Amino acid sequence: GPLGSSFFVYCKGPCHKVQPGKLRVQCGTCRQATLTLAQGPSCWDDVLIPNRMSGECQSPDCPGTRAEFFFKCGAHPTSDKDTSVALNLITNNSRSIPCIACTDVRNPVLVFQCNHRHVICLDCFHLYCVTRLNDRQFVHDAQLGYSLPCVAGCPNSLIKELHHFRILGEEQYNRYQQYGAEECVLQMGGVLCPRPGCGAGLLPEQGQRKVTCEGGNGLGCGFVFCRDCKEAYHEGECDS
């Protein structure tokens, strides 16, 4: 909910891990750090939602007023626009709440946005993300995307800032992105090409049972098949 110096970002290098973050702000128009804020931010929505706060750009040729917040890693000097995504669900365990998985008081921890605000440590959250990813247990929402709910199974606890899944590690994160793109195609009514090695994302018309893997140069393998059996194209008797 509220804010503070307990910011945590994911540094993609040289840290390749979750690190304490620095909150910065730039003018929403000229994209320069010359905008002053008459009041500081009070909640996460103030820094996560665009045009949620106003200020005044101190440039003589810029009347910008929109505050644009961003984050940088705080474990080492960073360039002026070397940003890192902020993990708003990760904060310091000031209440010293034990992990709901390993039953160990750790710091920092991730707090799900369920009704009970369940607490999990980063190590357990990493294992929780990997196992559900390999088991294809991730959930896809047309509004949020490819995410996971609370580890305890609470409703309406899907993680909204999908960059929290950077804890999967570099290899498993690109697999997560790939699985999300695949489930996204299936969500739009499309179908994945059954020919191994191709794995294309095809979006044919809803009525056509004919699927012509075809996009252009290297965009399709040219295999014609049926949406239902996914074996080979036919005119009838979809059974084996």
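Residues carry their position along the shown sequence, with the first being 1.
| Once you work out the mean C-alpha B-factor for both 68-76 and 122-130 from the entry, which is higher? | Taking the mean B-factor of the alpha carbons in each, 122-130 is higher.
| message | Can you tell me whether 153-161 has a higher mean C-alpha B factor than 97-105 in this record, or the other way round? | response | Taking the mean C-alpha B-factor of 153-161 and of 97-105, the larger value falls to 97-105.
| task | For the C-alpha B-factor as written in the entry, point me to the maximum among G189, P41, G180, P60. | result | That would be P60, according to the entry.
| Identity of residue with top Cα B-factor, from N115, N88, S147, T83 | Of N115, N88, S147, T83, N115 has the highest C-alpha B-factor.
| field | Lowest, middle or highest third - CA B-factor, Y233 | value | Answer is highest: the recorded C-alpha B-factor places it there.
| field | Record-listed C-alpha B factor of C198: chain third | value | It falls in the top third of the chain.
| query | Considering only modelled residues of the same chain, in which third does the CA B-factor of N174 rank: lowest, middle or highest? | reply | Answer is lowest: the recorded C-alpha B-factor places it there.
| request: Taking the chain's C-alpha temperature factors as the reference, tell me which third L37 falls into: lowest, middle or highest. | output: Within its chain, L37 is a middle-third residue by C-alpha B-factor, going by the deposited values.
| request: Divide the modelled residues of the chain into thirds by Cα B-factor and specify which third, lowest, middle or highest, holds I49. | output: Within its chain, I49 is a middle-third residue by C-alpha B-factor, going by the deposited values.
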